[PDB]
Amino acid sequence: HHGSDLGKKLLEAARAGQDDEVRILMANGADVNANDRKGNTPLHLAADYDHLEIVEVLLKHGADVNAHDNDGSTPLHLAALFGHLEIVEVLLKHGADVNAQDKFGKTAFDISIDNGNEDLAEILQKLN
């Protein structure tokens, strides 16, 4: 809002896996729900880049578990696609919509199935 190149720095730190940079930027007010042009958030980004504690941090700082990039993909979608099982579990724990879906209509179960990730599926079945 009033000068989001903090948010840029944050998004960039979520990707890079820099956790102390993240911690700092939060302290500075940096927008936890900031968006790159492709519509990503930091959450999206650390899911993408397999950054577990970073996910855990951001979630703790009220990041949307169900934020949607431009194509509708959620961070769940990204962890699902990439086979980042643990990041998936915390996302779920934190209430990610298992049933949520991108603009192609793919939920995260669909993605598991389509990669044929036997384990991701069973973990996705396991909930209401």
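Numbering starts at 1 and follows the sequence shown.
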Point to revise | Where the record places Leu25 (Cα B-factor, split into thirds across the chain) | key: lowest
Exercise for review: Sort the modelled residues of this chain by their C-alpha B factor and say whether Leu11 lands in the lowest, middle or highest third.
Suggested key: middle
Revision key, fill the gap. Tertile call for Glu86 (CA temperature factor, within chain, third-based) is the lowest
Point to revise | Third assignment of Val98 from its chain's C-alpha B-factors | key: highest
Practice item. Report the third (lowest, middle or highest) to which the CA temperature factor of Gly62 belongs, ranking only the modelled residues of the same chain. Key: highest
